[PDB]
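Enquirer: The structure file target.cif (mmCIF, C-alpha atoms) is provided below.
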```cif
data_upload
loop_
_atom_site.group_PDB
_atom_site.id
_atom_site.type_symbol
_atom_site.label_atom_id
_atom_site.label_comp_id
_atom_site.auth_asym_id
_atom_site.auth_seq_id
_atom_site.Cartn_x
_atom_site.Cartn_y
_atom_site.Cartn_z
ATOM 1 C CA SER A 2 -7.729 -16.373 3.293
ATOM 2 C CA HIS A 3 -10.103 -14.272 1.062
ATOM 3 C CA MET A 4 -10.118 -11.340 3.599
ATOM 4 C CA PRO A 5 -7.189 -8.960 4.320
ATOM 5 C CA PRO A 6 -5.054 -9.817 7.402
ATOM 6 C CA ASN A 7 -5.687 -8.156 10.822
ATOM 7 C CA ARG A 8 -2.876 -5.518 10.786
ATOM 8 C CA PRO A 9 -3.761 -3.065 13.603
ATOM 9 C CA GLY A 10 -3.594 0.589 12.379
ATOM 10 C CA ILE A 11 -4.079 -0.460 8.683
ATOM 11 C CA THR A 12 -7.670 -0.104 7.298
ATOM 12 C CA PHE A 13 -8.015 -2.293 4.122
ATOM 13 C CA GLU A 14 -10.440 -0.022 2.163
ATOM 14 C CA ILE A 15 -10.136 2.083 -1.062
ATOM 15 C CA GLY A 16 -8.817 5.588 -0.138
ATOM 16 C CA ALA A 17 -7.492 4.525 3.316
ATOM 17 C CA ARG A 18 -3.978 5.845 4.106
ATOM 18 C CA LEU A 19 -0.913 3.943 5.440
ATOM 19 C CA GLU A 20 2.909 4.207 5.129
ATOM 20 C CA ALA A 21 4.534 2.280 2.221
ATOM 21 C CA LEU A 22 8.224 1.468 1.487
ATOM 22 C CA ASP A 23 9.213 2.469 -2.106
ATOM 23 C CA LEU A 24 11.733 0.600 -4.354
ATOM 24 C CA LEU A 25 14.580 2.833 -2.950
ATOM 25 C CA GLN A 26 13.697 1.720 0.666
ATOM 26 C CA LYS A 27 12.160 5.128 1.693
ATOM 27 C CA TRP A 28 8.823 5.327 3.649
ATOM 28 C CA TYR A 29 6.037 7.648 2.317
ATOM 29 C CA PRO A 30 2.434 8.305 3.386
ATOM 30 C CA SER A 31 0.411 6.355 0.759
ATOM 31 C CA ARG A 32 -3.218 5.644 -0.302
ATOM 32 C CA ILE A 33 -4.966 2.341 -1.273
ATOM 33 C CA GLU A 34 -6.222 2.820 -4.904
ATOM 34 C CA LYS A 35 -7.525 -0.768 -5.525
ATOM 35 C CA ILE A 36 -7.791 -4.122 -3.624
ATOM 36 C CA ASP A 37 -7.374 -7.491 -5.458
ATOM 37 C CA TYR A 38 -8.966 -10.113 -3.086
ATOM 38 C CA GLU A 39 -8.015 -13.017 -5.454
ATOM 39 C CA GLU A 40 -4.236 -12.186 -5.535
ATOM 40 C CA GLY A 41 -4.283 -10.692 -1.972
ATOM 41 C CA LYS A 42 -2.580 -7.460 -3.121
ATOM 42 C CA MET A 43 -3.440 -3.721 -3.174
ATOM 43 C CA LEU A 44 -2.546 -0.923 -5.651
ATOM 44 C CA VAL A 45 -0.615 1.606 -3.496
ATOM 45 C CA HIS A 46 -0.168 5.285 -4.489
ATOM 46 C CA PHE A 47 2.816 7.081 -2.817
ATOM 47 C CA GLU A 48 1.430 10.540 -1.829
ATOM 48 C CA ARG A 49 3.002 13.569 -3.660
ATOM 49 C CA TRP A 50 4.618 11.156 -6.215
ATOM 50 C CA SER A 51 3.590 10.543 -9.875
ATOM 51 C CA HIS A 52 1.014 7.706 -10.361
ATOM 52 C CA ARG A 53 3.747 6.133 -12.608
ATOM 53 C CA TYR A 54 5.291 4.883 -9.261
ATOM 54 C CA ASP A 55 2.000 3.171 -8.167
ATOM 55 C CA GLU A 56 2.605 -0.520 -7.234
ATOM 56 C CA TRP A 57 0.647 -3.728 -6.498
ATOM 57 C CA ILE A 58 1.933 -4.798 -3.011
ATOM 58 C CA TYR A 59 0.846 -8.010 -1.169
ATOM 59 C CA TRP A 60 -1.424 -7.076 1.797
ATOM 60 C CA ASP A 61 0.911 -9.111 4.153
ATOM 61 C CA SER A 62 4.051 -7.248 2.830
ATOM 62 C CA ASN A 63 6.687 -5.800 5.236
ATOM 63 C CA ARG A 64 6.513 -2.791 2.791
ATOM 64 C CA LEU A 65 3.223 -1.656 4.522
ATOM 65 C CA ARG A 66 2.869 -0.121 8.033
ATOM 66 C CA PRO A 67 0.366 2.107 9.896
ATOM 67 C CA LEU A 68 0.365 5.910 9.286
ATOM 68 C CA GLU A 69 0.507 7.564 12.785
#
```
Could you write out this structure as structure tokens?
Expert:
Amino acid sequence: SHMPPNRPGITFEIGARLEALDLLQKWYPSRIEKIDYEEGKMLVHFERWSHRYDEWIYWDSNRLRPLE
């Protein structure tokens, strides 16, 4: 589908916050920088990390969860 999935506690908007799993399998509070509706992926920034670690993650990924 052309719309993000219903993932309760995740808001699919630019600047919304969630928790994201990095490439070393650690969870960090993160921010949505961009949303690609064609590829169904979002550019995720890991808070208090360099933007060099920013990653395109599929919006249905198990690497995304709600920030409580």
Enquirer: Give as a PDB file with C-alpha atoms, in the coordinates of the input the residues that the PyMOL selection byres ((chain A and resi 69) around 12) matches when applied to the coordinates above.
Expert:
```pdb
ATOM      1  CA  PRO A   9      -3.761  -3.065  13.603  1.00  0.00           C
ATOM      2  CA  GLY A  10      -3.594   0.589  12.379  1.00  0.00           C
ATOM      3  CA  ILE A  11      -4.079  -0.460   8.683  1.00  0.00           C
ATOM      4  CA  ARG A  18      -3.978   5.845   4.106  1.00  0.00           C
ATOM      5  CA  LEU A  19      -0.913   3.943   5.440  1.00  0.00           C
ATOM      6  CA  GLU A  20       2.909   4.207   5.129  1.00  0.00           C
ATOM      7  CA  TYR A  29       6.037   7.648   2.317  1.00  0.00           C
ATOM      8  CA  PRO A  30       2.434   8.305   3.386  1.00  0.00           C
ATOM      9  CA  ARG A  66       2.869  -0.121   8.033  1.00  0.00           C
ATOM     10  CA  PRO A  67       0.366   2.107   9.896  1.00  0.00           C
ATOM     11  CA  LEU A  68       0.365   5.910   9.286  1.00  0.00           C
TER      12      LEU A  68
END
```
Enquirer: Identify, on the basis of all atoms listed in the file, every residue whose closest approach to residue 56 (chain A) does not exceed 8 Å; exclude the query and any residue fewer than 6 positions from it along the same chain; express the result as JSON, numbers by chain.
Expert: {"A": [43, 44, 45, 46]}
Enquirer: Point out the residue among A:26, A:41, A:50, A:35 with the least atom-to-atom distance to residue 64 (chain A), counting all atoms listed in the file.
Expert: A:26
Enquirer: Quick check on the file I pasted: which residues fall under the PyMOL selection byres ((chain A and resi 2) around 12)? Write them as a list in words.
Expert: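 Checking the PyMOL selection byres ((chain A and resi 2) around 12) against this file, the residues are residues 3, 4, 5, 6, 7, 38, 39, 40, 41, 60 and 61 of chain A.
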Enquirer: Could you check how far CA of residue 33 (chain A) sits from CA of residue 13 (chain A), in Å to one decimal?
Expert: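 Those two atoms sit 7.7 Å apart.
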Enquirer: Rounded to one decimal place, report the CA of residue 37 (chain A)-CA of residue 24 (chain A) distance in Å.
Expert: 20.8 Å
Enquirer: What is the CA of residue 36 (chain A)-CA of residue 14 (chain A) distance in Å, reported with one decimal?
Expert: 7.6 Å
Enquirer: For region 55-62 of chain A, what centre and edge lengths in Å (one decimal) does the axis-aligned box get once 6 Å is added on each side of all its listed atoms, as lines of an AutoDock Vina configuration file?
Expert:
```
center_x = 1.3
center_y = -3.0
center_z = -2.0
size_x = 17.5
size_y = 24.3
size_z = 24.3
```
